[PDB]
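See below for the structure under consideration.
When the chains are written out, they are named A, B, C, D, E, F, G, H and I in that same order, and each has its own residue count from 1.
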Amino acid sequence: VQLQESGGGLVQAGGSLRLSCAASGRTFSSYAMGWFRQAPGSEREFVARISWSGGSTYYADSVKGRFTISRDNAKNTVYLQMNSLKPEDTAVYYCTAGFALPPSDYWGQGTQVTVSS
Amino acid sequence: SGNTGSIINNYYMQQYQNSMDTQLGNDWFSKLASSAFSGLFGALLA
Amino acid sequence: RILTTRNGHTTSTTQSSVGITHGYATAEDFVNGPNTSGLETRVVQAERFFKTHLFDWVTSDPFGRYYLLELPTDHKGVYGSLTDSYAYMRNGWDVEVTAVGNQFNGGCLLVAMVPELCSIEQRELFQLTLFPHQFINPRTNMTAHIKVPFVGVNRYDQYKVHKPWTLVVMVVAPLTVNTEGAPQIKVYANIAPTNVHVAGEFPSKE
Amino acid sequence: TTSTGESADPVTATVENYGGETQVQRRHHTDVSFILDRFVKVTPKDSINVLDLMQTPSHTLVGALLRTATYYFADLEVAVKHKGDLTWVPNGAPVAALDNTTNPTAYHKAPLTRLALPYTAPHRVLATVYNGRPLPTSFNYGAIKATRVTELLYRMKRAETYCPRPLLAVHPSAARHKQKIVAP
Amino acid sequence: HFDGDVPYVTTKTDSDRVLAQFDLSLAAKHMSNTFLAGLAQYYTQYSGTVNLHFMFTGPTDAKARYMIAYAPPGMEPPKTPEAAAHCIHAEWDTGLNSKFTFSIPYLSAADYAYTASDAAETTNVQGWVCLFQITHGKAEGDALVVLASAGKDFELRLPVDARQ
Amino acid sequence: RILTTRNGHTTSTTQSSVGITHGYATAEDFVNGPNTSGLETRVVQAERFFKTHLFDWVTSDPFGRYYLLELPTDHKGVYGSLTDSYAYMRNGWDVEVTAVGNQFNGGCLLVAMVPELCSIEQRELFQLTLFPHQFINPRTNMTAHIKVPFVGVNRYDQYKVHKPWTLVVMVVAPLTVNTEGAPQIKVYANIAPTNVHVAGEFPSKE
Amino acid sequence: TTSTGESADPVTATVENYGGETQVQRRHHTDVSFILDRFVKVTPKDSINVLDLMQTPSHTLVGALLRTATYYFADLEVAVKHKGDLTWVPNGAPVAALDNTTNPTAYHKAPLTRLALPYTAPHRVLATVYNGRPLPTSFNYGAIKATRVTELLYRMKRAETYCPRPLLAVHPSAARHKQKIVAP
Amino acid sequence: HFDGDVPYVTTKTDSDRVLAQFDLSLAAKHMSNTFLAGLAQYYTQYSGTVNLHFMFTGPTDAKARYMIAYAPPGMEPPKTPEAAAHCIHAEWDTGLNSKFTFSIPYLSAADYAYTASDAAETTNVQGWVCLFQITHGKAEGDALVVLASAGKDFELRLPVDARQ
Amino acid sequence: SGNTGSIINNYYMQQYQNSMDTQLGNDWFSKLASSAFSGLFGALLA
């Protein structure tokens, strides 16, 4: 079971990005989905979550209200819509699958995102 | 009592190798854990 | 009034309970008949609970609202596979139904295990108490619990073409919130087979 | 198995509820006296080192399991690698005493030197946490001095613990804590 | 330990009845604050039962009914109570007694199991435990605090200093 | 030399038989271990034969022709469903292999139950008799029959990631028709589990 | 002595058939526990070495006789020549543990250092061949670390073997295998 | 192990009745694949009986009669059954029972004998064993598989690691 | 049992020097080799 991030790139402050993650190898509608971010030199931190039903979510405080997570079980993919981007948000964004309240296991390779100012 | 592998008596008196305890006049937690209630509180069926 | 029910490795616990209602007999009849030539066997691992949703009980439901549930139902556990691996089965049902509002809700429900239920008439519901039952009165209990044996014109039945038991849940009094109760009450069921026996292995698909 | 949670009385349900059978337990490895008897490293100081069990790092196996009890008692074994002559002093003795060979002194014999020391404190039982950040000066087994000490170890004997306290693990970021386990 | 960093889980009204779901391991994030998972980090292996305690905190006019279940390894854990009803499970509701206690069996191929979680382990070896909310009377916004402690037969061996 | 083997409701009969070979033990070890907390159960209906094809043994096959068969295999009966409903299983194997030419054929076969079979070397086949076995010599017997217990480093095994036993059939002497024998011989196997035990129900797919 | 070969029942004919007389046997040297108890060399790795019996060469006397049993059990004795402090870790413990002196640690004492280690694996009995080329990570006695390790030896104690497997000799090109035998 | 790398020897029709002939040693090429010669390489010396098992594979309409014989050292081994008939030998034929078992005696000056074969040894010290085909009914192209295992009194001592 | 030459008791407890076995609830091959048939299957003459 393998994940692939996408939608990364470069942007300037106040911009927006939509990250895309595709899942493969097993039922995507049975898994919770979430994002992690590792800012360079800091340890990697948590971002956001979506339950398999798409009903429930949770957001890291710093990203709370700026970002919106959504999944498509039909399209076998999950989305993080990044809004009001801030130079702190520069990091590699890992797509994660999983069962647990935090999604944890089954990580993608992550995509690079650099917002500039 | 602790980690000790000698099957032969210690060469030095008990009074030297260790400090001698005194008296005056797992104890609590094992006596606590042994009283745990394993039962069913309500009537059993089948 | 605490009651703990254990079937297999599964359990259920109810702090508000009126007890158990044993339908039609306390214990199963003779299992080993002349018709199977003694080739029947008991399946131990099949006896355990499984959960299903019934409906949502709301104030708008008048008297007479009823919900049929036929047993056995579609089952994805071990008990379901048996039905596909054996041409003859029998078992008793241990049924439990749970509707949780708070104690300030009002109205009442009547749950019953009705053998051979086909198109019961509207007037016939007034006599529905003839079958094994318990009332769910949110004033008192959140739980109804019923145990019934295997009934049928045959000693072993084929669950493809025949469903002996039908769980039915009827509204005897409509719900009332009175502003302190739950706005609506959801009804679930927790059901386990008992005394399952099987015979006559099928071949496989391959 | 239902009960009143507010009681705080311990309630242990068992597998026999749904039809299991409880197995046999052998707990030797969690015994207090057994688990705490072994050497743990302490970063020394060049000359004078006060023997104190709280100097052990909090994350080490002996350090952590120590700090989970408010009130502890035990003897002490030390293993020291040093230059010159290692001089030991009992609790509450002046610092000026460490310079006297009359006090217990172990002449240098390679590779290192192991001693066994009694519980020398005046208090009936010592403490890991004291309400009065600092801990009172009377908690110690004494001090040791040498020309220089390269390594220092503590080994507790006859350990006894009282009034347990929180013991914390590492908090994972993901759903689990994944480490690389020894594999061929 | 749960989301929002609170030691309880609140009743929810929606199509989603999964109240909380987590690996069975002593390295889990949920267990991390317990005393039981406190000792684990100093030992390599364990066996025996781990007990969970549930206490319903809500007001006297609110009633709920819950399901705890054990999902053994080898298959994805259940996302619905009807799917979980085939596992080993218990079910209880609120009432005079506020507390329920459930013993999670030790069930494994090898007589002992590692405390730590190996980095090359994608899916938990000991399986999952799942906590569901069957239904709730007027229980919106009411809290269920959960506790964990060793069982009768819980056994822990092979001390090791892992740092941590 | 007549021998009748009954497992469950299924049987097999062989008029030319050399007897049974009991591998590594006469009877199963302790079933109930400390690791399952006593939640294991025995499945009675799962013990019975099932048939599978091995290969066609022809004159062109030289010495060293071997056929691996790993157990358990894909099974569409009750025994197959168990593997999907229970995360831990164990069982012993009662194996029977049948190659029927007539008594005028020649050559010989060696069947063996080899625990933990991974990439056996060509030279290692000369010592293959170390494992439980019987020779099939068309001069004498048409049937080889072997009984072996459950072996493994665990008391219960997970048959998804581990197959403890491997049935292997090797040609010790090549076939010879001599004009009066069967032109080729087909090899079949009739295998039944024994002493099956399971634990740890999975959830279902629904 | 004729019988049915297809039976696989063991049949041992004796010299008394044609009039010989069977002699007395003393098999001590082929006893499993006896023959497998001795040191065998393993090529070490500079720092971390996972203790594993399958690292022994297959042609050595201890290596070969080991691999002829699917399921084996035994304790372990190691003999190590190393620099620095040899640190041992039990099975299934994290690799980050080998850096703690609290874990068993043998300070350098020339020429070498011998330890005795218990059977630490969770599995009731280990295996030489596993069906699942790789063997599961849970088969090991733990690992040892030192600044550098020059030599490493394994000695099995209380060995027990199960379910034998092929044992091969060297295949001669000529009619015999001719080696130079020690002679004066 | 025999020529063509097959563990059997086929009946032959010609003036040559020698079916198979080889040294008695545990270093022989024929023995090389056996388990018995597998342990030998780890021990210096042995004594006792080595059993050989013969199983006739041919069809029910073919019959043959065989001779196994032991040729002690000091003289060239026999090339004809009539020459071998003076040695220690056995003789059997095909029938209902398919298997024959023959014990090769341990006969030597010294109470033990080396497993390995010294390079300065031109002729085997333990002598030879010879397998002959007396005659065969219609047995052309029919196989005789042979096996080897330790006897009752077989004893093996002095472990050594020879590499190999 | 193995190769051990000490005629005097081991200095360390049996509990340390070795791992302690447990119980639950040449064995097979010697019991197999002891059943070998040494006889003659047919009638003997002379």
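Keep this in mind: a residue touches a chain if its C-beta (ideal position, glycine included) is under 8 Å from a C-beta of that chain, and two chains touch if they have at least 3 such contacts.
Using the average of C-alpha coordinates as each chain's centre, H ends up farthest from subunit E.
Looking at which of B-E and D-F shares more C-beta pairs in contact, the answer is the pair D-F. Here the spacing of subunit E and subunit I, counted between their Cα centres, is 47 Å. Per-chain CA centroids place subunit E at a distance of 42 Å from subunit F.
Centres computed as Cα averages put subunit A at a distance of 44 Å from subunit D.
Residues of subunit C found to touch two or more other chains are 2, 4, 6-11, 13-15, 48, 76-78. Counting partners per residue, subunit H has 1, 32-33, 35, 38, 55, 96-98, 147, 152 as the residues that reach two or more other chains. In subunit I, the residues that reach two or more other chains under the touch definition are 17, 36, 38, 41.
Touching subunit D in their complex are the following residues of subunit E: 1, 22-23, 25-29, 31-33, 35, 37-43, 47-49, 51, 53-55, 88, 90, 92, 96-103, 105-106, 114, 116-121, 124, 147, 149, 151-164. Put simply, subunit B touches subunit E in their complex at residues 36, 38, 41.
Residue ranges of subunit C in contact with subunit D, taken from their complex: 2, 4, 6-11, 13, 15. Note for the complex: subunit G touches subunit D at residues 50, 52, 54-55, 89, 91-96, 100-105, 107-109, 135, 137, 139-140, 142-143. The touching residues of subunit F, when paired with subunit C in their complex, are 9, 39, 41-45, 48, 74-78, 80-81, 85-86, 198, 201, 204-206.
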